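As structure tokens, the structure follows; a few thoughts come after it.
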Amino acid sequence: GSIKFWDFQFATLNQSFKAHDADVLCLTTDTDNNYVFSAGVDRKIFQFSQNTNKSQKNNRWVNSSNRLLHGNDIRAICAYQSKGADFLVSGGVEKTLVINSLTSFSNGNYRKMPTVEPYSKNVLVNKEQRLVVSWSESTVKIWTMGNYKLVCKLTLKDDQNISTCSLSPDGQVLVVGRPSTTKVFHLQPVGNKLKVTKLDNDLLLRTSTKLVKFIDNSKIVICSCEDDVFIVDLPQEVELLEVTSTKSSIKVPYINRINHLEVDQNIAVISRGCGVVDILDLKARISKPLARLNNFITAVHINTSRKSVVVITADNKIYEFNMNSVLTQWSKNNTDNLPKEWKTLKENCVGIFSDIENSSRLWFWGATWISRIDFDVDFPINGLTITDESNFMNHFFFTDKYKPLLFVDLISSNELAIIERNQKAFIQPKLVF
Amino acid sequence: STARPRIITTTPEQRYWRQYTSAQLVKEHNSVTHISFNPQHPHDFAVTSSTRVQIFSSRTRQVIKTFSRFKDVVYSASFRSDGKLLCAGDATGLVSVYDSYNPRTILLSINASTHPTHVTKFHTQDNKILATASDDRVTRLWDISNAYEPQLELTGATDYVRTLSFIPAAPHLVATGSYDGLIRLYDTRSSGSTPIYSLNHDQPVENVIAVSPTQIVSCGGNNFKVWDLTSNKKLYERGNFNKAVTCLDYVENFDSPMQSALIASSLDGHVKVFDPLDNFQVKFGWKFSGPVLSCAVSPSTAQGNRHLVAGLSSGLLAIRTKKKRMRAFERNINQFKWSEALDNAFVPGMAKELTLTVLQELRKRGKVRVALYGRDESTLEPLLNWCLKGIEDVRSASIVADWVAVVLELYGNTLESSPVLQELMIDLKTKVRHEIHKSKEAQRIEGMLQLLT
Amino acid sequence: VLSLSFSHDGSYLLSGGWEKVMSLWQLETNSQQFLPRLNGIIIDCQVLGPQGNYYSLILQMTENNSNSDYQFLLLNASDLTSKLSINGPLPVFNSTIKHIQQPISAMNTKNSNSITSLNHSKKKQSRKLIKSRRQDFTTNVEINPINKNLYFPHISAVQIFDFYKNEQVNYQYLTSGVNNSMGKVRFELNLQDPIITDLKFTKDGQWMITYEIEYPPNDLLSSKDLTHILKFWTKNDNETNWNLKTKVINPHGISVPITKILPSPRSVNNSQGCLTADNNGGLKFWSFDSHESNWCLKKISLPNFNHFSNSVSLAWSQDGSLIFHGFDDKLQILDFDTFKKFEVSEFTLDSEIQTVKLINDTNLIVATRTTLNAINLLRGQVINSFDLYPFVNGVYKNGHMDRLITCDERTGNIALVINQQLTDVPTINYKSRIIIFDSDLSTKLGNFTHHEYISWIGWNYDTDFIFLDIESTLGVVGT
Amino acid sequence: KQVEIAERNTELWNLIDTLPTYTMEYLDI
Amino acid sequence: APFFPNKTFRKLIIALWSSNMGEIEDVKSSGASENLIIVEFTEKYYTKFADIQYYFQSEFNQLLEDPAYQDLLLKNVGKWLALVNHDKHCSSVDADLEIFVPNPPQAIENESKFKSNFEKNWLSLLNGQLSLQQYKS
Amino acid sequence: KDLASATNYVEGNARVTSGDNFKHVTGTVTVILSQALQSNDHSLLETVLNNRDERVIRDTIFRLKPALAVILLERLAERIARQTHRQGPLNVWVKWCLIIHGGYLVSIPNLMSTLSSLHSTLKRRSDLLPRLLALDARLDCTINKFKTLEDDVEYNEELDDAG
RNA sequence: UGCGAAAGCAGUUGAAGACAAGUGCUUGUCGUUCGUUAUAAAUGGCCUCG
């Protein structure tokens, strides 16, 4: 639990601080080496300061303060500083990220990230047959709700974890996808239980799959890890527009890769990290550009009834694009006029699903919030993140009662599924008198 | 600065006698009839059993000399005042004198009579004269020099004479008690053979002891009575005994808070201590397996560990001899570890009294709710288990009520989801209801007691 | 934190507060050393020396809420040992005096004031001293026959103070409780340690009788059952610390206070007996038995009266034959041998007796809340009667006239009266008058005036009388 | 009869001194 | 599993003591009952085997605490005397007692329970209406 | 010791005591009961006290010699005092003694001195009663309120491939 | 807060000013005043000399 400062040239001890009550696992420092931050087993983060000029002249460090922000081991800590950014990020056995400001660590506010942010959904629900399917660590479990019964569970050989699972609308066909291979299994109900048979298709087995979706009970769309979109009937490749190379793309490759694949009534849309959205006609197998946004896309949805595509950027702005005005009149009126709740959200939206009773109404939810908006009504006009001075590259219902949320979707027109998440700790007594 | 105050967790005569804790039980081959203590250091005591006399070391508490030359049953082992001699009686009537610690030599052998000689006692004041009592009902007074004829032959007893006592400060006076129920006093200065006067006990006399120069205590039948020769009448009489009192011994000027003690065998398994200063009143007693025939204590000048000896008809010999860091919870409380200190209170094999103190300390400390905040059903049961038993005790009754309420006020909602804790309350309900029920009579009874007074 | 002070170089920081612990903060490493266990919370702290050889500390002793008890400690910095401890007399008055305010704490308690509580408490204290009429400010004090040392029953403790040398000789803790085990903090400060109510010596002086009240903690089922304790203590003349010899828990029963205690005279049991009297009129005579080596209840009289009154006074004749027991308005003459009423034994008075005393065997002086009266036991009639109502109506609680009224056993007795001086509404400053009265109160030997409230007056075993003033000042009136 | 009246009174006096795995709920819109 | 038919056995109990055939029940010579059914029960069944002797004194206790049968058991004391006037007690060291049921419950082995049961039954009967000849026996 | 330091409180070997300490101010076992009381045999009497049958208690004390009754009352107080958990059974003995020999107990010069232990003992139980009722009421309300208030479906890919 | 016993018997907890927050209005506060007898909560626990 002791932190020691050593003179490099003479290889000798200069200062010793018995700060922590247990092992000190990791250390980090600011850009100017004015602050030394320690963290470790005792769940405490200690800041050591040499900022004062007299301290600098005398080369003496001072343990200014300490803070208790983690309920368990702080296995890792890192620091970043820039003209617009000041982040002290720590993580460990608590499974959550905690963010602080180096200059204002003692006095500044802090944010505790949710343990699970479902940017990629690990649970799906089938409206027909009322099945809820979750896949974790090469194990798939399926539940039926009339009240819930685990009808079946599937165990897979491959050490590789399951990337995605897609279930056919009928529910008879379940596709399990991994980067190494793709396997499809037919589900058949016998005696309130599902019988599993593995339909054999060589092409999928040798096919890498990031995203997979069902056109119908038979046909699927698969995007390979090399960004190859094709149709398999249970390969019909689909032409894709080329993306111009950018210095940001060179530095970070995956931004030009496909992030969200959504198919709806023979209409497919692809969103890349660079903000490029393209509408794909599966029958024609041709690509037409739709939009080019400046922010990362977090969620996409297609509404056939309104003949529009809903795109959500990282800044929680909502855009409704006409499929061929490029943007719907609602989007032109309401994108910058969103309610206070949407703008105030510090967690980005990740899931969109339609309302059966009214096609105009859409449902939106994040890790800790659920919202519904009607696109037929216009709204009344009336610190711990980058300031974003630089560019990224180069009728209304809101509820926060339910949290944390793994997956949200409807079972029926009037039935909503909300899926929620339900180790020893170093004893730091809280004095009570 | 100051050192830390350490956490603070009958009659005097009774307490003195309680110190004879060490108890050793020995078995002899026949009934142990007579027990004697050597007047001289190491004050080794002699026991008469079967055909042998055994001398026990006071410190070792073990036989050191075994006297087996006696042929028939042995009836006495009395020492002289010096202790260099010891005399004994035999069923054949022959009385033998041996050198103490030298079994082999028969120094003086006298045939008192054809009948058994049960009592042989050296005269305390005068060494040379040895008194012998026999079933012939004549208590001959023999001399060491004259082994062929008694110096005097006291008569007048119409029944067995089994008790002989010499009165201190009155060497000439000799006291004899027969199974007639008559205690006869004789003067050796006179011609003798006729009692000066007779004292009636009305019951066969088993032993007569001169407690003091003017007071003589006679234990016969179911009672013992103290007689004063100046008044020639019994001053006091105690009959608490139920069997017939057999043997009686007296010690004075010993280091106890009581100046003098009187120990009396009952033959009902009880030997009890009586104090002469308070009219010979019962102050202490002990129980044994069977009838007590002999009792003795170390003389006043023991100069070492005191000894209490009891003789039983079964041959059993009982010897009772009077020989002449901070705990975990204290650390928790000093270190302000409130919850842990409570945990230390309820641990297996922990004294109940100490358990009360730590609970009292925490309550006195103003740390009650704090000690219970971080608890669940798993760690709450040990307190409740103690509370279930502590409620019976009067001293803990107030304390348990205090603790039970706070946990109850503090863990309501927890009790709902925990079935195990509920049953603990249910049995807790029943016992307190009984404790109510027990108390309810107590107010009835106490008022009842008031009526009579 | 009440006291902060930098070291001369600035490498060390001294801190002190309610914890009763002085902390040396080593600033190069933020280490800390502790000198805990100090008598009072640290009002002030300083480094006093060219080289920091000594520390000067100020202690408060907050337990006494009536008065602010300052103690100045000079510690040798080398070994942190008391180089010099300084304090005056430490009386505990019944109520607060002048402008004494409790020190600031995190929350408002009995022994502390919150941030907001200070102004309201100050205003309330001033208006209590002005408008309210109960102004007892009386302290119990005791005097040692063998040593003539002055004993102050501090809360849970006794101060032995030598007025001849005007220096403290000892401070002894005579009760259990959280008294020096730690420094009470936050809600712990609401706790009340056992309070020594009555302290007396035997006439021989080798024995100490003490009466204590233990207050249960609050927020408990047994939070209203006060415990009453009696303790007998001894020491040799050479020895300076009393050793506890016997302890009686709940004398006279449960929840019954020991309102009065009287040591026995020399004639009876050569000064090793005592009498204890309740508000229920029950009397218990204790004596020390050599055989037990302990203190045992020789006699008892428990008339189960249903009326409760704290106004009782007890006197014992010098010969020891008889005892005078004044309970509420009625006085009884009880014969010691039978320990019961004499076979007029009953004297009815106008009002409750505060003090009953006999200046000499012939005459008995009885003070009631409205007057004082001198009676001859020989003829059983009042000699003189003096009206105390204009001065003593409700200024004092019952029982304080005992410690305000004092008597010699040779020359006579003294009456002390304290009055408020006010010019144009009452003012905080007071004036005291002491009057010397002969036996039968026929004449006034002398009348003297003091400029301040004389908290207590008693008769030293020499002809002189000693009087304690709320300025913590001990004066003497004598030939 | 006065016993039980008094005992009854005592009890009254002292008296006056003194997450599911699955949940079904209906949201409001 | 170990089992003993207490209820059926208790039914056998109520029948025997309810049986009454006049003078032979109280024989003038000894005051005991020469009842051939009881005598056969005593010799062939009661004395030989331990388990009934244990379960015997248990049920007769329970009936003795039942007021319905207390009067019946307290009257025909000769029947009790004829039963128990033997040295073949299961608590007797000399007697070697067999077991009726192949799988006796472990309760039978409890000698203290039997003696406590045995002591209770005698004491209640000794408080009963004893005949002059019964008194000598 | 530092002279500034205050002397600590130590009880040492002092004797604690209470203000109530007034010491210095067929089937019957009667014959055994009279026997042990006379001879102060703790072992013998404890066996007699082991009877829990009320009818025995009455009959035994019914025939007990009235003088021996008084000493029996004194002794029960002592045995109660050492062990309070035996309070319940032993009040019964004190009760039946009191009613049967009450006439004798009236004709006694002094009772409190010879029965002080009972009075002190009985008083202690009474002092508990007010508090326990408070405990019962609090203990009443809470219970009152609270009394009112995979392998079968497993599908293993390896075994399926195997067969 | 007054009185009294410890049990209890009666009676109180108002007004003004200033500041902050939210939206002129609302709420909360006071090292501000006048008048009446009149929860807490900055991870923060006690030295060494055998």
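Residue numbering restarts at 1 for every chain of the structure tokens, chains are lettered A, B, ... in their displayed order, and ligands are numbered from 1 as they appear.
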
May I ask you to extract the residues of chain C within 8 Å of chain F, using only C-alpha atoms, and to give them as a VMD selection string? chain C and resid 38 to 39 81 to 82 84 to 85 170 to 176 221 241 244 to 253 294 296 to 300

Contacts from chain E to chain F, 7 Å maximum, only C-alpha atoms: show me the residue list as an mmCIF file with N, CA, C and O atoms, in the first residue's frame.
```cif
data_model
loop_
_atom_site.group_PDB
_atom_site.id
_atom_site.type_symbol
_atom_site.label_atom_id
_atom_site.label_comp_id
_atom_site.auth_asym_id
_atom_site.auth_seq_id
_atom_site.Cartn_x
_atom_site.Cartn_y
_atom_site.Cartn_z
ATOM 1 N N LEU E 123 -47.697 -46.540 40.880
ATOM 2 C CA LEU E 123 -48.086 -45.490 41.816
ATOM 3 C C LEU E 123 -49.568 -45.163 41.699
ATOM 4 O O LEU E 123 -50.253 -44.987 42.713
ATOM 5 N N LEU E 126 -51.342 -48.109 43.232
ATOM 6 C CA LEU E 126 -51.184 -48.075 44.681
ATOM 7 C C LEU E 126 -52.057 -47.008 45.324
ATOM 8 O O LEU E 126 -52.321 -47.082 46.529
ATOM 9 N N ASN E 127 -52.507 -46.023 44.552
ATOM 10 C CA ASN E 127 -53.513 -45.072 44.996
ATOM 11 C C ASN E 127 -54.931 -45.579 44.765
ATOM 12 O O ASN E 127 -55.890 -44.865 45.074
#
```

What are the residues of chain D that have an atom within 12 Å of an atom of chain C, counting only C-alpha atoms, as a PyMOL selection string? chain D and resi 14+17-18

What residues in range 181-226 of chain A get the DSSP label strand (DSSP E)? Please answer as a PyMOL selection string. chain A and resi 182-189+194-199+211-214+220-223

Expected file contents, prior selection, N, CA, C and O atoms, as a CSV table (one decimal), in the first residue's frame:
```csv
chain,number,residue,atom,x,y,z
A,182,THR,N,-21.2,-19.6,-39.3
A,182,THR,CA,-22.6,-19.3,-39.1
A,182,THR,C,-23.4,-20.7,-39.1
A,182,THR,O,-23.2,-21.4,-40.1
A,183,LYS,N,-24.2,-20.9,-38.1
A,183,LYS,CA,-25.0,-22.1,-38.0
A,183,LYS,C,-26.4,-21.8,-37.8
A,183,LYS,O,-26.8,-20.9,-37.1
A,184,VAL,N,-27.3,-22.6,-38.5
A,184,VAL,CA,-28.7,-22.4,-38.5
A,184,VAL,C,-29.4,-23.7,-37.9
A,184,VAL,O,-29.0,-24.8,-38.3
A,185,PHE,N,-30.3,-23.5,-37.0
A,185,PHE,CA,-31.0,-24.6,-36.3
A,185,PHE,C,-32.5,-24.4,-36.4
A,185,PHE,O,-33.0,-23.4,-36.2
A,186,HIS,N,-33.2,-25.5,-36.8
A,186,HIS,CA,-34.6,-25.5,-36.9
A,186,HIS,C,-35.2,-25.9,-35.5
A,186,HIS,O,-34.9,-26.9,-34.9
A,187,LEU,N,-36.2,-25.1,-35.1
A,187,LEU,CA,-36.9,-25.3,-33.8
A,187,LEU,C,-38.3,-25.8,-34.0
A,187,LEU,O,-39.0,-25.2,-34.8
A,188,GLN,N,-38.6,-26.9,-33.4
A,188,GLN,CA,-39.9,-27.5,-33.6
A,188,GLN,C,-40.6,-27.8,-32.2
A,188,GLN,O,-39.9,-28.4,-31.4
A,189,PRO,N,-41.8,-27.3,-31.9
A,189,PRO,CA,-42.4,-27.5,-30.6
A,189,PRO,C,-43.0,-28.9,-30.4
A,189,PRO,O,-43.8,-29.4,-31.1
A,194,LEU,N,-39.1,-27.3,-27.2
A,194,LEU,CA,-38.7,-27.1,-28.6
A,194,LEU,C,-37.6,-28.1,-28.9
A,194,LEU,O,-36.6,-28.2,-28.2
A,195,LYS,N,-37.9,-28.8,-30.0
A,195,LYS,CA,-36.9,-29.8,-30.5
A,195,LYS,C,-36.0,-29.1,-31.5
A,195,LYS,O,-36.4,-28.3,-32.4
A,196,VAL,N,-34.7,-29.3,-31.4
A,196,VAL,CA,-33.7,-28.6,-32.2
A,196,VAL,C,-33.1,-29.6,-33.2
A,196,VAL,O,-32.6,-30.7,-32.8
A,197,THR,N,-33.0,-29.1,-34.4
A,197,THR,CA,-32.3,-29.8,-35.5
A,197,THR,C,-31.4,-28.8,-36.2
A,197,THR,O,-31.9,-27.7,-36.6
A,198,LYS,N,-30.2,-29.2,-36.5
A,198,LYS,CA,-29.2,-28.3,-37.1
A,198,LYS,C,-29.3,-28.6,-38.6
A,198,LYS,O,-28.7,-29.5,-39.1
A,199,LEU,N,-30.0,-27.7,-39.4
A,199,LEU,CA,-30.0,-27.7,-40.8
A,199,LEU,C,-28.6,-27.5,-41.3
A,199,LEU,O,-27.9,-26.5,-40.9
A,211,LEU,N,-23.7,-9.3,-38.8
A,211,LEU,CA,-25.1,-9.1,-38.7
A,211,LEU,C,-25.8,-10.1,-39.6
A,211,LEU,O,-25.3,-10.4,-40.7
A,212,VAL,N,-27.0,-10.5,-39.2
A,212,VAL,CA,-27.8,-11.4,-40.0
A,212,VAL,C,-29.3,-11.1,-39.6
A,212,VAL,O,-29.6,-10.9,-38.5
A,213,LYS,N,-30.1,-11.1,-40.7
A,213,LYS,CA,-31.5,-10.8,-40.5
A,213,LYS,C,-32.4,-11.6,-41.5
A,213,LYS,O,-31.8,-12.2,-42.4
A,214,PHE,N,-33.7,-11.7,-41.2
A,214,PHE,CA,-34.6,-12.5,-41.9
A,214,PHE,C,-35.4,-11.7,-42.9
A,214,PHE,O,-36.1,-10.7,-42.4
A,220,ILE,N,-32.6,-14.9,-45.8
A,220,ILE,CA,-31.9,-14.2,-44.9
A,220,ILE,C,-30.9,-13.3,-45.6
A,220,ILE,O,-30.5,-13.6,-46.8
A,221,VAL,N,-30.5,-12.2,-45.0
A,221,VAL,CA,-29.4,-11.3,-45.4
A,221,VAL,C,-28.3,-11.4,-44.4
A,221,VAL,O,-28.5,-11.3,-43.2
A,222,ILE,N,-27.1,-11.6,-44.9
A,222,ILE,CA,-25.9,-11.8,-44.1
A,222,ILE,C,-24.8,-10.8,-44.6
A,222,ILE,O,-24.5,-10.7,-45.8
A,223,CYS,N,-24.3,-10.0,-43.7
A,223,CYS,CA,-23.1,-9.1,-43.9
A,223,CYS,C,-21.9,-9.8,-43.4
A,223,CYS,O,-21.7,-9.9,-42.2
```

Could you pull out all residues of range 55-93 of chain E with a DSSP call of alpha helix (DSSP H) and give them as a PyMOL selection string? chain E and resi 55-64+67-75+77-84

Export of the given selection (C-alpha atoms) as a CSV table (one decimal), in the first residue's frame:
```csv
chain,number,residue,atom,x,y,z
E,55,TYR,CA,-45.0,-50.7,24.6
E,56,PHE,CA,-47.2,-52.2,27.3
E,57,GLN,CA,-46.3,-49.9,30.1
E,58,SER,CA,-46.4,-47.0,27.7
E,59,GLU,CA,-50.0,-47.5,26.6
E,60,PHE,CA,-51.3,-48.4,30.1
E,61,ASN,CA,-49.9,-45.1,31.1
E,62,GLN,CA,-51.8,-43.3,28.4
E,63,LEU,CA,-55.1,-45.1,29.3
E,64,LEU,CA,-54.4,-44.3,33.0
E,67,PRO,CA,-60.5,-40.6,32.4
E,68,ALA,CA,-62.6,-42.9,30.2
E,69,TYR,CA,-60.5,-45.9,31.1
E,70,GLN,CA,-59.0,-44.8,34.4
E,71,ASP,CA,-61.8,-46.3,36.5
E,72,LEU,CA,-61.6,-49.6,34.7
E,73,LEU,CA,-57.8,-49.9,35.2
E,74,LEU,CA,-58.0,-48.8,38.9
E,75,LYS,CA,-60.5,-51.4,39.9
E,77,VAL,CA,-56.0,-54.6,40.3
E,78,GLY,CA,-55.7,-58.4,40.5
E,79,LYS,CA,-55.1,-58.4,36.7
E,80,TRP,CA,-52.2,-56.1,37.1
E,81,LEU,CA,-50.8,-58.1,40.0
E,82,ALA,CA,-51.0,-61.4,38.0
E,83,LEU,CA,-49.2,-59.8,35.1
E,84,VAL,CA,-46.2,-58.3,36.8
```

Write down, as a ChimeraX atom specification, each residue of chain D that has any atom within 10 Å of an atom of chain A, counting only C-alpha atoms. /D:19-29

Would you give me, as a PyMOL selection string, the residues of chain D that come within 10 Å of chain F, using only C-alpha atoms? chain D and resi 7+10-18

Writing out the chosen residues with C-alpha atoms as an mmCIF file, in the first residue's frame:
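Once written, part27.cif looks like this:
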```cif
data_model
loop_
_atom_site.group_PDB
_atom_site.id
_atom_site.type_symbol
_atom_site.label_atom_id
_atom_site.label_comp_id
_atom_site.auth_asym_id
_atom_site.auth_seq_id
_atom_site.Cartn_x
_atom_site.Cartn_y
_atom_site.Cartn_z
ATOM 1 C CA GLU D 7 -54.296 -6.044 31.964
ATOM 2 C CA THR D 10 -51.768 -2.155 29.877
ATOM 3 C CA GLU D 11 -51.516 -3.738 26.432
ATOM 4 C CA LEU D 12 -53.316 -0.779 24.866
ATOM 5 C CA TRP D 13 -51.053 1.731 26.610
ATOM 6 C CA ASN D 14 -47.788 0.081 25.574
ATOM 7 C CA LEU D 15 -49.250 -0.360 22.095
ATOM 8 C CA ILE D 16 -49.796 3.385 21.689
ATOM 9 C CA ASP D 17 -46.153 3.993 22.585
ATOM 10 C CA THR D 18 -44.985 1.931 19.612
#
```

Tell me the residues of chain B close to chain G, meaning within 9 Å using only C-alpha atoms (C1' of nucleotides), as a PyMOL selection string. chain B and resi 334-336

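Taking CA of residue 351 in chain B as the reference point, CA of residue 390 in chain B is found at 12.2 Å.
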
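For residue 66 in chain C, the list of residues within 8 Å, based on only C-alpha atoms (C1' of nucleotides) and with local chain neighbours fewer than 3 positions off taken out, reads residues 92, 93, 94, 95, 96, 97 and 100 of chain C.
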
Selected residues written out, N, CA and C atoms, as a compact mmCIF listing (two decimals), in the first residue's frame:
```txt
# COMPACT_ATOMS: atom_id res chain seq x y z
N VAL C 92 -19.06 22.75 40.53
CA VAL C 92 -20.15 22.49 39.60
C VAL C 92 -21.41 23.10 40.19
N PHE C 93 -21.83 24.23 39.64
CA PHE C 93 -23.03 24.90 40.09
C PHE C 93 -24.26 24.20 39.53
N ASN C 94 -25.41 24.49 40.14
CA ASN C 94 -26.64 23.82 39.73
C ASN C 94 -27.12 24.34 38.37
N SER C 95 -26.85 25.60 38.07
CA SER C 95 -27.28 26.22 36.82
C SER C 95 -26.15 27.08 36.26
N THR C 96 -26.34 27.53 35.02
CA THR C 96 -25.34 28.37 34.37
C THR C 96 -25.30 29.76 34.99
N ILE C 97 -24.17 30.44 34.82
CA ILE C 97 -23.89 31.70 35.49
C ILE C 97 -23.35 32.71 34.49
N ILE C 100 -21.68 32.22 30.54
CA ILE C 100 -21.02 30.98 30.15
C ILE C 100 -21.82 30.32 29.04
```

Can you tell me which residues surround residue 24 in chain E at a distance of at most 8 Å, considering only C-alpha atoms (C1' of nucleotides), apart from same-chain residues fewer than 6 positions away, and format the answer as a ChimeraX atom specification? /E:33-35

Identify all chain C residues at most 12 Å from chain A by counting only C-alpha atoms; ligands do not count. Present them as an MDAnalysis selection string. chainID C and resid 26:32 184:190

Output for the residues just chosen: N, CA, C and O atoms as a JSON list (two decimals), in the first residue's frame:
```json
[["chain", "number", "residue", "atom", "x", "y", "z"],
["C", 26, "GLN", "N", 2.17, 15.28, 10.62],
["C", 26, "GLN", "CA", 3.45, 15.35, 9.93],
["C", 26, "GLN", "C", 3.17, 15.59, 8.45],
["C", 26, "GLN", "O", 2.67, 14.69, 7.76],
["C", 27, "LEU", "N", 3.50, 16.79, 7.98],
["C", 27, "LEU", "CA", 3.00, 17.27, 6.69],
["C", 27, "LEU", "C", 3.80, 16.77, 5.49],
["C", 27, "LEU", "O", 3.23, 16.67, 4.40],
["C", 28, "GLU", "N", 5.10, 16.49, 5.64],
["C", 28, "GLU", "CA", 5.82, 15.92, 4.50],
["C", 28, "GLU", "C", 5.19, 14.61, 4.05],
["C", 28, "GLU", "O", 5.19, 14.30, 2.85],
["C", 29, "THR", "N", 4.65, 13.83, 4.98],
["C", 29, "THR", "CA", 4.05, 12.54, 4.66],
["C", 29, "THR", "C", 2.58, 12.44, 5.05],
["C", 29, "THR", "O", 1.98, 11.37, 4.86],
["C", 30, "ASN", "N", 1.97, 13.49, 5.59],
["C", 30, "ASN", "CA", 0.65, 13.41, 6.22],
["C", 30, "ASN", "C", 0.55, 12.24, 7.19],
["C", 30, "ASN", "O", -0.52, 11.64, 7.32],
["C", 31, "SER", "N", 1.64, 11.89, 7.87],
["C", 31, "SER", "CA", 1.49, 10.95, 8.97],
["C", 31, "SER", "C", 0.85, 11.69, 10.14],
["C", 31, "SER", "O", 0.67, 12.91, 10.11],
["C", 32, "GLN", "N", 0.47, 10.95, 11.17],
["C", 32, "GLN", "CA", -0.04, 11.62, 12.35],
["C", 32, "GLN", "C", 0.31, 10.84, 13.60],
["C", 32, "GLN", "O", 0.18, 9.61, 13.63],
["C", 184, "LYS", "N", -16.08, 11.71, 23.73],
["C", 184, "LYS", "CA", -17.41, 11.56, 23.16],
["C", 184, "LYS", "C", -17.55, 12.46, 21.94],
["C", 184, "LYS", "O", -17.11, 13.61, 21.96],
["C", 185, "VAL", "N", -18.16, 11.93, 20.88],
["C", 185, "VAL", "CA", -18.31, 12.67, 19.63],
["C", 185, "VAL", "C", -19.72, 12.47, 19.08],
["C", 185, "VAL", "O", -20.28, 11.37, 19.14],
["C", 186, "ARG", "N", -20.28, 13.55, 18.55],
["C", 186, "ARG", "CA", -21.59, 13.54, 17.88],
["C", 186, "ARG", "C", -22.63, 13.07, 18.90],
["C", 186, "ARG", "O", -22.67, 13.62, 20.01],
["C", 187, "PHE", "N", -23.46, 12.08, 18.58],
["C", 187, "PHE", "CA", -24.54, 11.69, 19.47],
["C", 187, "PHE", "C", -24.04, 11.13, 20.79],
["C", 187, "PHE", "O", -24.77, 11.17, 21.78],
["C", 188, "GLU", "N", -22.81, 10.61, 20.82],
["C", 188, "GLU", "CA", -22.24, 10.16, 22.08],
["C", 188, "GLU", "C", -22.21, 11.29, 23.10],
["C", 188, "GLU", "O", -22.32, 11.05, 24.31],
["C", 189, "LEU", "N", -22.06, 12.53, 22.63],
["C", 189, "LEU", "CA", -22.03, 13.67, 23.52],
["C", 189, "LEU", "C", -23.35, 13.86, 24.26],
["C", 189, "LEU", "O", -23.37, 14.53, 25.30],
["C", 190, "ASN", "N", -24.44, 13.30, 23.75],
["C", 190, "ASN", "CA", -25.71, 13.37, 24.46],
["C", 190, "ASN", "C", -25.75, 12.47, 25.69],
["C", 190, "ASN", "O", -26.63, 12.64, 26.54]]
```

Could the residues of chain B within 12 Å of chain A, counting only C-alpha atoms, be given as number ranges by chain, please? B: 336-339, 365-374

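The two atoms in question, CA of residue 94 in chain A and CA of residue 384 in chain A, are spaced 19.9 Å apart.
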
Exercise: range 83-98 of chain F partners within 7 Å, only C-alpha atoms (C1' of nucleotides), chain neighbours under 4 positions left out, as a PyMOL selection string: (chain B and resi 392-394+438+445) or (chain F and resi 57-58+61+69+73+76+79+102)
